[PDB]
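Q: File query_25.pdb below, PDB, C-alpha atoms:
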```
ATOM      1  CA  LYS A 252     169.357 108.106 205.093  1.00  0.00           C
ATOM      2  CA  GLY A 253     170.218 111.818 205.120  1.00  0.00           C
ATOM      3  CA  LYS A 254     170.873 112.194 201.392  1.00  0.00           C
ATOM      4  CA  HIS A 255     169.356 114.743 199.010  1.00  0.00           C
ATOM      5  CA  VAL A 256     167.362 113.494 196.016  1.00  0.00           C
ATOM      6  CA  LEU A 257     165.941 115.156 192.900  1.00  0.00           C
ATOM      7  CA  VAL A 258     163.001 113.439 191.181  1.00  0.00           C
ATOM      8  CA  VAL A 259     161.594 114.367 187.763  1.00  0.00           C
ATOM      9  CA  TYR A 260     158.158 113.203 186.590  1.00  0.00           C
ATOM     10  CA  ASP A 261     158.362 113.893 182.869  1.00  0.00           C
ATOM     11  CA  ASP A 262     154.583 113.687 182.333  1.00  0.00           C
ATOM     12  CA  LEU A 263     151.847 113.525 184.966  1.00  0.00           C
ATOM     13  CA  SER A 264     149.091 113.974 182.364  1.00  0.00           C
ATOM     14  CA  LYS A 265     149.854 110.608 180.745  1.00  0.00           C
ATOM     15  CA  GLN A 266     149.859 108.939 184.169  1.00  0.00           C
ATOM     16  CA  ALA A 267     146.472 110.546 184.841  1.00  0.00           C
ATOM     17  CA  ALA A 268     145.179 109.246 181.502  1.00  0.00           C
ATOM     18  CA  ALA A 269     146.430 105.744 182.333  1.00  0.00           C
ATOM     19  CA  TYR A 270     144.699 105.898 185.718  1.00  0.00           C
ATOM     20  CA  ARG A 271     141.490 107.021 183.995  1.00  0.00           C
ATOM     21  CA  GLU A 272     141.797 104.053 181.633  1.00  0.00           C
ATOM     22  CA  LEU A 273     142.254 101.660 184.560  1.00  0.00           C
ATOM     23  CA  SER A 274     139.295 103.144 186.439  1.00  0.00           C
ATOM     24  CA  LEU A 275     137.012 102.917 183.400  1.00  0.00           C
ATOM     25  CA  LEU A 276     138.100  99.319 182.792  1.00  0.00           C
ATOM     26  CA  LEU A 277     137.322  98.460 186.429  1.00  0.00           C
ATOM     27  CA  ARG A 278     133.738  99.742 185.894  1.00  0.00           C
ATOM     28  CA  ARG A 279     134.177 102.695 188.258  1.00  0.00           C
ATOM     29  CA  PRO A 280     131.746 105.515 187.354  1.00  0.00           C
ATOM     30  CA  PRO A 281     133.392 108.448 185.569  1.00  0.00           C
ATOM     31  CA  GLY A 282     133.331 112.126 186.444  1.00  0.00           C
ATOM     32  CA  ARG A 283     134.475 115.245 184.608  1.00  0.00           C
ATOM     33  CA  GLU A 284     136.029 114.366 181.233  1.00  0.00           C
ATOM     34  CA  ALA A 285     135.607 110.671 182.164  1.00  0.00           C
ATOM     35  CA  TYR A 286     138.246 111.130 184.876  1.00  0.00           C
ATOM     36  CA  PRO A 287     137.671 109.320 188.190  1.00  0.00           C
ATOM     37  CA  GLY A 288     136.730 111.112 191.379  1.00  0.00           C
ATOM     38  CA  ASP A 289     140.112 110.764 193.103  1.00  0.00           C
ATOM     39  CA  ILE A 290     142.221 112.152 190.244  1.00  0.00           C
ATOM     40  CA  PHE A 291     143.206 115.021 192.551  1.00  0.00           C
ATOM     41  CA  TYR A 292     143.919 112.682 195.469  1.00  0.00           C
ATOM     42  CA  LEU A 293     146.227 110.647 193.216  1.00  0.00           C
ATOM     43  CA  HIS A 294     148.553 113.574 192.509  1.00  0.00           C
ATOM     44  CA  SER A 295     148.254 115.009 196.031  1.00  0.00           C
ATOM     45  CA  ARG A 296     149.301 111.666 197.524  1.00  0.00           C
ATOM     46  CA  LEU A 297     152.162 111.399 195.031  1.00  0.00           C
ATOM     47  CA  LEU A 298     153.486 114.925 195.567  1.00  0.00           C
ATOM     48  CA  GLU A 299     153.096 115.219 199.345  1.00  0.00           C
ATOM     49  CA  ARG A 300     155.921 112.700 199.854  1.00  0.00           C
ATOM     50  CA  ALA A 301     158.534 115.263 198.776  1.00  0.00           C
ATOM     51  CA  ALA A 302     159.688 117.232 201.805  1.00  0.00           C
ATOM     52  CA  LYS A 303     162.596 118.727 203.722  1.00  0.00           C
ATOM     53  CA  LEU A 304     163.121 116.610 206.828  1.00  0.00           C
ATOM     54  CA  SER A 305     164.007 118.092 210.199  1.00  0.00           C
ATOM     55  CA  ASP A 306     167.312 117.560 211.986  1.00  0.00           C
ATOM     56  CA  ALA A 307     165.723 114.928 214.235  1.00  0.00           C
ATOM     57  CA  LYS A 308     164.698 112.936 211.141  1.00  0.00           C
ATOM     58  CA  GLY A 309     168.157 113.111 209.530  1.00  0.00           C
ATOM     59  CA  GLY A 310     168.019 116.372 207.571  1.00  0.00           C
ATOM     60  CA  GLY A 311     167.539 114.756 204.169  1.00  0.00           C
ATOM     61  CA  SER A 312     165.349 116.204 201.452  1.00  0.00           C
ATOM     62  CA  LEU A 313     163.528 115.206 198.274  1.00  0.00           C
ATOM     63  CA  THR A 314     162.668 117.748 195.578  1.00  0.00           C
ATOM     64  CA  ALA A 315     160.276 116.994 192.717  1.00  0.00           C
ATOM     65  CA  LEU A 316     159.768 118.546 189.278  1.00  0.00           C
ATOM     66  CA  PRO A 317     156.420 117.303 187.915  1.00  0.00           C
ATOM     67  CA  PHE A 318     155.487 117.995 184.298  1.00  0.00           C
ATOM     68  CA  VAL A 319     152.105 118.975 182.858  1.00  0.00           C
ATOM     69  CA  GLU A 320     151.343 119.366 179.147  1.00  0.00           C
ATOM     70  CA  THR A 321     148.635 121.848 178.177  1.00  0.00           C
ATOM     71  CA  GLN A 322     146.537 121.974 175.009  1.00  0.00           C
ATOM     72  CA  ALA A 323     146.889 125.199 172.995  1.00  0.00           C
ATOM     73  CA  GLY A 324     148.044 126.986 176.136  1.00  0.00           C
ATOM     74  CA  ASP A 325     144.785 126.350 178.008  1.00  0.00           C
ATOM     75  CA  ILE A 326     145.490 126.566 181.742  1.00  0.00           C
ATOM     76  CA  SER A 327     141.903 126.325 183.051  1.00  0.00           C
ATOM     77  CA  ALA A 328     141.905 122.599 182.245  1.00  0.00           C
ATOM     78  CA  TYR A 329     141.169 119.982 184.891  1.00  0.00           C
ATOM     79  CA  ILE A 330     144.575 118.306 185.322  1.00  0.00           C
ATOM     80  CA  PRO A 331     146.608 121.552 185.005  1.00  0.00           C
ATOM     81  CA  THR A 332     144.361 123.220 187.589  1.00  0.00           C
ATOM     82  CA  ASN A 333     144.665 120.268 189.971  1.00  0.00           C
ATOM     83  CA  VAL A 334     148.453 120.102 189.674  1.00  0.00           C
ATOM     84  CA  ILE A 335     148.860 123.881 190.035  1.00  0.00           C
ATOM     85  CA  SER A 336     146.771 123.727 193.212  1.00  0.00           C
ATOM     86  CA  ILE A 337     149.251 121.236 194.731  1.00  0.00           C
ATOM     87  CA  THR A 338     152.810 122.292 193.884  1.00  0.00           C
ATOM     88  CA  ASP A 339     154.742 125.113 195.532  1.00  0.00           C
ATOM     89  CA  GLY A 340     155.209 126.923 192.220  1.00  0.00           C
ATOM     90  CA  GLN A 341     154.956 126.672 188.460  1.00  0.00           C
ATOM     91  CA  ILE A 342     157.171 127.640 185.532  1.00  0.00           C
ATOM     92  CA  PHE A 343     155.326 128.697 182.376  1.00  0.00           C
ATOM     93  CA  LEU A 344     156.717 128.042 178.894  1.00  0.00           C
ATOM     94  CA  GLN A 345     154.918 129.689 175.976  1.00  0.00           C
ATOM     95  CA  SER A 346     155.206 129.009 172.252  1.00  0.00           C
ATOM     96  CA  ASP A 347     154.925 132.682 171.268  1.00  0.00           C
ATOM     97  CA  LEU A 348     157.822 133.523 173.589  1.00  0.00           C
ATOM     98  CA  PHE A 349     159.726 130.512 172.238  1.00  0.00           C
ATOM     99  CA  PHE A 350     159.385 131.644 168.622  1.00  0.00           C
ATOM    100  CA  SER A 351     159.997 135.322 169.411  1.00  0.00           C
ATOM    101  CA  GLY A 352     163.602 134.361 170.195  1.00  0.00           C
ATOM    102  CA  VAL A 353     163.601 134.394 174.013  1.00  0.00           C
ATOM    103  CA  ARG A 354     164.723 130.946 175.182  1.00  0.00           C
ATOM    104  CA  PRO A 355     164.010 129.566 177.715  1.00  0.00           C
ATOM    105  CA  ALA A 356     160.457 130.809 177.121  1.00  0.00           C
ATOM    106  CA  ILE A 357     159.699 131.477 180.795  1.00  0.00           C
ATOM    107  CA  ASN A 358     156.693 133.746 181.351  1.00  0.00           C
ATOM    108  CA  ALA A 359     157.763 135.976 184.240  1.00  0.00           C
ATOM    109  CA  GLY A 360     154.243 137.236 184.947  1.00  0.00           C
ATOM    110  CA  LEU A 361     152.727 133.776 185.349  1.00  0.00           C
ATOM    111  CA  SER A 362     155.667 131.875 186.855  1.00  0.00           C
ATOM    112  CA  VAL A 363     156.014 132.154 190.632  1.00  0.00           C
ATOM    113  CA  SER A 364     157.831 130.445 193.505  1.00  0.00           C
ATOM    114  CA  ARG A 365     156.270 130.291 196.968  1.00  0.00           C
ATOM    115  CA  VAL A 366     159.673 129.710 198.610  1.00  0.00           C
ATOM    116  CA  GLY A 367     161.497 132.477 196.745  1.00  0.00           C
ATOM    117  CA  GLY A 368     164.116 134.403 198.668  1.00  0.00           C
ATOM    118  CA  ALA A 369     164.739 131.752 201.310  1.00  0.00           C
ATOM    119  CA  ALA A 370     166.005 129.429 198.552  1.00  0.00           C
ATOM    120  CA  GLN A 371     168.674 131.835 197.242  1.00  0.00           C
ATOM    121  CA  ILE A 372     172.287 132.704 197.934  1.00  0.00           C
ATOM    122  CA  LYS A 373     172.693 136.010 199.784  1.00  0.00           C
ATOM    123  CA  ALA A 374     174.321 137.701 196.784  1.00  0.00           C
ATOM    124  CA  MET A 375     171.540 136.578 194.438  1.00  0.00           C
ATOM    125  CA  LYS A 376     168.945 137.753 196.964  1.00  0.00           C
ATOM    126  CA  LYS A 377     170.635 141.163 197.059  1.00  0.00           C
TER     127      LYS A 377
ATOM    128  CA  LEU B 230     141.938 174.809 153.560  1.00  0.00           C
ATOM    129  CA  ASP B 231     142.438 172.047 150.988  1.00  0.00           C
ATOM    130  CA  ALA B 232     144.672 170.130 153.404  1.00  0.00           C
ATOM    131  CA  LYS B 233     142.095 170.338 156.210  1.00  0.00           C
ATOM    132  CA  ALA B 234     139.294 169.205 153.896  1.00  0.00           C
ATOM    133  CA  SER B 235     141.385 166.256 152.698  1.00  0.00           C
ATOM    134  CA  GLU B 236     142.270 165.334 156.287  1.00  0.00           C
ATOM    135  CA  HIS B 237     138.621 165.354 157.358  1.00  0.00           C
ATOM    136  CA  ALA B 238     137.553 163.259 154.358  1.00  0.00           C
ATOM    137  CA  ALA B 239     140.352 160.750 154.981  1.00  0.00           C
ATOM    138  CA  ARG B 240     139.405 160.446 158.657  1.00  0.00           C
ATOM    139  CA  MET B 241     135.761 159.880 157.717  1.00  0.00           C
ATOM    140  CA  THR B 242     136.626 157.150 155.206  1.00  0.00           C
ATOM    141  CA  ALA B 243     139.068 155.413 157.561  1.00  0.00           C
ATOM    142  CA  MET B 244     136.549 155.392 160.411  1.00  0.00           C
ATOM    143  CA  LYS B 245     133.841 154.002 158.118  1.00  0.00           C
ATOM    144  CA  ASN B 246     136.158 151.185 157.026  1.00  0.00           C
ATOM    145  CA  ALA B 247     137.138 150.438 160.628  1.00  0.00           C
ATOM    146  CA  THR B 248     133.483 150.298 161.693  1.00  0.00           C
ATOM    147  CA  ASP B 249     132.643 147.858 158.894  1.00  0.00           C
ATOM    148  CA  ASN B 250     135.598 145.626 159.794  1.00  0.00           C
ATOM    149  CA  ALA B 251     134.599 145.657 163.468  1.00  0.00           C
ATOM    150  CA  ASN B 252     131.019 144.683 162.604  1.00  0.00           C
ATOM    151  CA  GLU B 253     132.208 141.739 160.500  1.00  0.00           C
ATOM    152  CA  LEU B 254     134.539 140.603 163.293  1.00  0.00           C
ATOM    153  CA  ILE B 255     131.648 140.827 165.771  1.00  0.00           C
ATOM    154  CA  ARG B 256     129.525 138.617 163.513  1.00  0.00           C
ATOM    155  CA  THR B 257     132.226 135.951 163.185  1.00  0.00           C
ATOM    156  CA  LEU B 258     132.966 135.973 166.923  1.00  0.00           C
ATOM    157  CA  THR B 259     129.256 135.606 167.706  1.00  0.00           C
ATOM    158  CA  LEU B 260     129.038 132.572 165.414  1.00  0.00           C
ATOM    159  CA  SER B 261     132.034 130.986 167.146  1.00  0.00           C
ATOM    160  CA  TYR B 262     130.591 131.773 170.592  1.00  0.00           C
ATOM    161  CA  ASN B 263     127.286 130.101 169.739  1.00  0.00           C
ATOM    162  CA  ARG B 264     129.055 126.985 168.456  1.00  0.00           C
ATOM    163  CA  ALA B 265     131.154 126.818 171.634  1.00  0.00           C
ATOM    164  CA  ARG B 266     128.050 127.206 173.819  1.00  0.00           C
ATOM    165  CA  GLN B 267     126.273 124.357 172.029  1.00  0.00           C
ATOM    166  CA  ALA B 268     129.363 122.158 172.354  1.00  0.00           C
ATOM    167  CA  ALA B 269     129.625 122.882 176.086  1.00  0.00           C
ATOM    168  CA  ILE B 270     125.973 121.975 176.670  1.00  0.00           C
ATOM    169  CA  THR B 271     126.445 118.754 174.689  1.00  0.00           C
ATOM    170  CA  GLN B 272     129.519 117.785 176.704  1.00  0.00           C
ATOM    171  CA  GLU B 273     127.906 118.478 180.078  1.00  0.00           C
ATOM    172  CA  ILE B 274     124.738 116.533 179.270  1.00  0.00           C
ATOM    173  CA  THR B 275     126.730 113.602 177.854  1.00  0.00           C
ATOM    174  CA  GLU B 276     128.877 113.417 180.993  1.00  0.00           C
ATOM    175  CA  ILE B 277     125.760 113.650 183.181  1.00  0.00           C
ATOM    176  CA  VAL B 278     124.022 110.778 181.406  1.00  0.00           C
ATOM    177  CA  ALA B 279     127.148 108.604 181.268  1.00  0.00           C
ATOM    178  CA  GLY B 280     127.702 109.022 185.002  1.00  0.00           C
ATOM    179  CA  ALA B 281     124.022 108.414 185.734  1.00  0.00           C
ATOM    180  CA  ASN B 282     123.856 105.165 183.746  1.00  0.00           C
ATOM    181  CA  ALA B 283     127.288 103.964 184.896  1.00  0.00           C
ATOM    182  CA  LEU B 284     125.656 102.810 188.157  1.00  0.00           C
TER     183      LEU B 284
ATOM    184  CA  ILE C 116     158.841 174.012 156.821  1.00  0.00           C
ATOM    185  CA  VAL C 117     156.398 171.645 158.512  1.00  0.00           C
ATOM    186  CA  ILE C 118     152.812 172.042 159.745  1.00  0.00           C
ATOM    187  CA  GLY C 119     151.496 169.280 161.982  1.00  0.00           C
ATOM    188  CA  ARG C 120     153.322 167.298 164.636  1.00  0.00           C
ATOM    189  CA  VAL C 121     153.527 164.044 162.658  1.00  0.00           C
ATOM    190  CA  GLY C 122     155.809 165.743 160.142  1.00  0.00           C
ATOM    191  CA  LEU C 123     157.989 166.931 163.016  1.00  0.00           C
ATOM    192  CA  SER C 124     158.224 163.362 164.314  1.00  0.00           C
ATOM    193  CA  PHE C 125     159.023 161.960 160.860  1.00  0.00           C
ATOM    194  CA  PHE C 126     161.764 164.463 160.041  1.00  0.00           C
ATOM    195  CA  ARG C 127     163.243 164.324 163.553  1.00  0.00           C
ATOM    196  CA  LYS C 128     163.421 160.527 163.376  1.00  0.00           C
ATOM    197  CA  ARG C 129     165.182 160.957 160.053  1.00  0.00           C
ATOM    198  CA  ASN C 130     168.327 163.056 159.783  1.00  0.00           C
ATOM    199  CA  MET C 131     166.568 166.160 158.495  1.00  0.00           C
ATOM    200  CA  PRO C 132     167.180 169.862 159.207  1.00  0.00           C
ATOM    201  CA  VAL C 133     163.915 171.655 160.046  1.00  0.00           C
ATOM    202  CA  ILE C 134     163.944 175.402 160.683  1.00  0.00           C
ATOM    203  CA  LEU C 135     160.311 176.504 161.119  1.00  0.00           C
ATOM    204  CA  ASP C 136     157.651 174.622 163.082  1.00  0.00           C
ATOM    205  CA  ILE C 137     153.968 175.015 163.898  1.00  0.00           C
ATOM    206  CA  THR C 138     151.989 172.318 165.667  1.00  0.00           C
ATOM    207  CA  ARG C 139     148.672 173.441 167.133  1.00  0.00           C
ATOM    208  CA  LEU C 140     145.948 174.718 164.821  1.00  0.00           C
ATOM    209  CA  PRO C 141     142.140 174.847 165.010  1.00  0.00           C
ATOM    210  CA  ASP C 142     139.933 172.445 163.092  1.00  0.00           C
ATOM    211  CA  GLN C 143     138.647 175.365 161.005  1.00  0.00           C
ATOM    212  CA  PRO C 144     141.855 177.405 160.664  1.00  0.00           C
ATOM    213  CA  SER C 145     141.865 181.126 159.930  1.00  0.00           C
ATOM    214  CA  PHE C 146     144.303 183.387 158.099  1.00  0.00           C
ATOM    215  CA  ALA C 147     145.588 185.082 161.261  1.00  0.00           C
ATOM    216  CA  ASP C 148     146.166 181.702 162.932  1.00  0.00           C
ATOM    217  CA  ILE C 149     149.455 181.089 161.103  1.00  0.00           C
ATOM    218  CA  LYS C 150     149.881 184.349 159.218  1.00  0.00           C
ATOM    219  CA  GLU C 151     152.733 184.769 161.711  1.00  0.00           C
ATOM    220  CA  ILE C 152     154.544 181.800 160.133  1.00  0.00           C
ATOM    221  CA  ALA C 153     153.556 182.656 156.566  1.00  0.00           C
ATOM    222  CA  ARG C 154     155.221 186.049 157.032  1.00  0.00           C
ATOM    223  CA  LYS C 155     158.395 184.357 158.269  1.00  0.00           C
ATOM    224  CA  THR C 156     158.321 181.898 155.357  1.00  0.00           C
ATOM    225  CA  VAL C 157     158.122 184.696 152.785  1.00  0.00           C
ATOM    226  CA  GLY C 158     160.686 186.773 154.679  1.00  0.00           C
ATOM    227  CA  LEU C 159     163.170 183.910 154.586  1.00  0.00           C
ATOM    228  CA  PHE C 160     163.073 183.913 150.778  1.00  0.00           C
ATOM    229  CA  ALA C 161     163.229 187.715 150.800  1.00  0.00           C
ATOM    230  CA  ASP C 162     166.261 187.429 153.118  1.00  0.00           C
ATOM    231  CA  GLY C 163     168.209 185.062 150.849  1.00  0.00           C
ATOM    232  CA  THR C 164     168.278 182.117 153.270  1.00  0.00           C
ATOM    233  CA  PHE C 165     166.960 179.842 150.507  1.00  0.00           C
ATOM    234  CA  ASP C 166     166.309 180.522 146.830  1.00  0.00           C
ATOM    235  CA  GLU C 167     163.361 178.219 146.104  1.00  0.00           C
ATOM    236  CA  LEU C 168     159.974 177.320 147.577  1.00  0.00           C
ATOM    237  CA  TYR C 169     157.943 174.137 147.201  1.00  0.00           C
ATOM    238  CA  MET C 170     154.800 173.160 149.087  1.00  0.00           C
ATOM    239  CA  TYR C 171     153.322 169.670 149.413  1.00  0.00           C
ATOM    240  CA  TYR C 172     149.768 168.999 150.560  1.00  0.00           C
TER     241      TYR C 172
END
```
Can the structure in the file be given as structure tokens, please?

A:
Amino acid sequence: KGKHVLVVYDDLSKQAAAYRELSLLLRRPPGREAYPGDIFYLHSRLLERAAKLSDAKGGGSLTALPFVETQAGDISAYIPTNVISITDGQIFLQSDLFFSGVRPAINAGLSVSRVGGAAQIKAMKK
Amino acid sequence: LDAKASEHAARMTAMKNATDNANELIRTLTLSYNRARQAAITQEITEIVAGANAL
Amino acid sequence: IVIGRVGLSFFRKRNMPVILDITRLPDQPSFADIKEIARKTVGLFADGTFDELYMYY
């Protein structure tokens, strides 16, 4: 309808675990870590519906902030890897930074935005 | 002369202690690496067999 | 009077007045290597700049 919407998914890992539970209950053969084959397709289908529409479509937009919880800071895990491969960028929060006194604990080296610059005010860009 | 002799002896002792500590750390890390390798093989074979017999 | 750069760093980090310095020195030092600073150290006492000498090693 031309409006702008912000959507927050506070945990995609729990949704993935629930989908794994459903798939195992439906007798569908498991894959890595008992996850089903289309665990990547699930999140890709979910996250590809957020977009900036063109002027012919109304000009509305939908921005999403999915959440992923790691285990002991391990990033090479299946679900974190899959979600990182989909989104436009990631923000990294680290416990050692959190306890060192810097809050928010954003890791500047690991965090990145693929739309940076174009999504900033001119003064901030300068 | 006494200061130089003391400095050389102190360097020798400190390097010996550091070498011993490094060797012990190597041993512990090797033990942990072997346990992790065994666990990884177990997990991969268990997933293989579960997927194979899930048909 | 300090021999070795770590003493320079320590006393400079502190608020300490240091007048004579020598940093580089061979592994097997010789008399003539820093005889030039030993002469100055004895000449300072002979000159009345300070009235007492202590050495720590």

Q: Could you tell me which residues the PyMOL selection byres ((chain A and resi 280-296) around 8) grabs in this file, written as an mmCIF file with C-alpha atoms, in the frame of the given file?

A:
```cif
data_model
loop_
_atom_site.group_PDB
_atom_site.id
_atom_site.type_symbol
_atom_site.label_atom_id
_atom_site.label_comp_id
_atom_site.auth_asym_id
_atom_site.auth_seq_id
_atom_site.Cartn_x
_atom_site.Cartn_y
_atom_site.Cartn_z
ATOM 1 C CA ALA A 267 146.472 110.546 184.841
ATOM 2 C CA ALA A 268 145.179 109.246 181.502
ATOM 3 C CA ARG A 271 141.490 107.021 183.995
ATOM 4 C CA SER A 274 139.295 103.144 186.439
ATOM 5 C CA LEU A 275 137.012 102.917 183.400
ATOM 6 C CA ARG A 278 133.738 99.742 185.894
ATOM 7 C CA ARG A 279 134.177 102.695 188.258
ATOM 8 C CA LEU A 297 152.162 111.399 195.031
ATOM 9 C CA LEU A 298 153.486 114.925 195.567
ATOM 10 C CA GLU A 299 153.096 115.219 199.345
ATOM 11 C CA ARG A 300 155.921 112.700 199.854
ATOM 12 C CA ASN A 333 144.665 120.268 189.971
ATOM 13 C CA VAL A 334 148.453 120.102 189.674
ATOM 14 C CA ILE A 337 149.251 121.236 194.731
ATOM 15 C CA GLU B 276 128.877 113.417 180.993
ATOM 16 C CA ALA B 279 127.148 108.604 181.268
ATOM 17 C CA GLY B 280 127.702 109.022 185.002
ATOM 18 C CA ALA B 283 127.288 103.964 184.896
ATOM 19 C CA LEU B 284 125.656 102.810 188.157
#
```

Q: Neighbours of residue 233 (chain B) within 9 Å (all atoms listed in the file; same-chain residues fewer than 4 positions away dropped), as number ranges by chain?

A: B: 237-238; C: 142-144

Q: Export C-alpha atoms of the chosen residues as a PDB file, in the coordinates of the input?

A:
```pdb
ATOM      1  CA  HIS B 237     138.621 165.354 157.358  1.00  0.00           C
ATOM      2  CA  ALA B 238     137.553 163.259 154.358  1.00  0.00           C
TER       3      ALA B 238
ATOM      4  CA  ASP C 142     139.933 172.445 163.092  1.00  0.00           C
ATOM      5  CA  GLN C 143     138.647 175.365 161.005  1.00  0.00           C
ATOM      6  CA  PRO C 144     141.855 177.405 160.664  1.00  0.00           C
TER       7      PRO C 144
END
```

Q: Give me the residues near region 149-151 of chain C as a list in words, where near means some atom within 10 Å (using all atoms listed in the file) and where sequence neighbours in that chain fewer than 6 positions away do not count.

A: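 So, after excluding close chain neighbours, the residues are residues 118, 137, 139 and 140 of chain C.
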
Q: Those selected residues, please, written with C-alpha atoms and delivered as an mmCIF file, in the frame of the given file.

A:
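The result, stored in selection-v5.cif:
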```cif
data_model
loop_
_atom_site.group_PDB
_atom_site.id
_atom_site.type_symbol
_atom_site.label_atom_id
_atom_site.label_comp_id
_atom_site.auth_asym_id
_atom_site.auth_seq_id
_atom_site.Cartn_x
_atom_site.Cartn_y
_atom_site.Cartn_z
ATOM 1 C CA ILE C 118 152.812 172.042 159.745
ATOM 2 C CA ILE C 137 153.968 175.015 163.898
ATOM 3 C CA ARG C 139 148.672 173.441 167.133
ATOM 4 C CA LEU C 140 145.948 174.718 164.821
#
```

Q: Pick from B:248, B:257, B:267, B:235: nearest to chain C, with only C-alpha atoms counted?

A: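 For chain C, the nearest of the candidates is B:235.
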
Q: Check every residue of chain B for an atom within 9 Å of chain C, counting all atoms listed in the file, and provide those that qualify as a list in words.

A: residues 230, 231, 232 and 233 of chain B

Q: Write the residues of the selection above to a file with C-alpha atoms, as an mmCIF file, keeping the file's coordinate frame.

A:
```
data_model
loop_
_atom_site.group_PDB
_atom_site.id
_atom_site.type_symbol
_atom_site.label_atom_id
_atom_site.label_comp_id
_atom_site.auth_asym_id
_atom_site.auth_seq_id
_atom_site.Cartn_x
_atom_site.Cartn_y
_atom_site.Cartn_z
ATOM 1 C CA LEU B 230 141.938 174.809 153.560
ATOM 2 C CA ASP B 231 142.438 172.047 150.988
ATOM 3 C CA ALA B 232 144.672 170.130 153.404
ATOM 4 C CA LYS B 233 142.095 170.338 156.210
#
```

Q: Interatomic distance between CA of residue 328 (chain A) and CA of residue 370 (chain A)?

A: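 Interatomic distance here is 29.9 Å.
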
Q: Work out how far apart CA of residue 339 (chain A) and CA of residue 265 (chain A) are and give it in Å to one decimal.

A: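 So the two atoms, CA of residue 339 (chain A) and CA of residue 265 (chain A), lie 21.3 Å apart.
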
Q: List the spatial neighbours of region 362-365 of chain A as a PyMOL selection string - criterion: any atom at most 12 Å away, all atoms listed in the file, same-chain residues fewer than 3 positions off excluded.

A: chain A and resi 335+337-345+356-359+368-371

Q: Here's a test: counting only C-alpha atoms, identify every protein, DNA and RNA residue with an atom at most 12 Å from (157.8, 167.2, 158.9) in the file's coordinate frame, and state them as JSON, numbers by chain.

A: {"C": [116, 117, 118, 119, 120, 121, 122, 123, 124, 125, 126, 127, 128, 129, 130, 131, 132, 133, 134, 135, 136, 137, 138, 170, 171, 172]}

Q: A:263, A:277, A:312, A:270: which is nearest chain B, counting only C-alpha atoms?

A: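 Using only C-alpha atoms, chain B sits closest to A:277.
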
Q: Go ahead and compute the interatomic distance for CA of residue 321 (chain A) and CA of residue 264 (chain A), in Å to one decimal.

A: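 That distance, rounded to one decimal, is 8.9 Å.
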
Q: Counting all atoms listed in the file, which residues come within 8 Å of (148.5, 121.8, 178.8), with the point read in the file's coordinates, and could you list them as a VMD selection string?

A: chain A and resid 319 to 326 328 331

Q: Which residue is closest to chain A? Choose from B:243, B:270, B:281, B:234 and count only C-alpha atoms.

A: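 Among the listed residues, B:281 lies closest to chain A.
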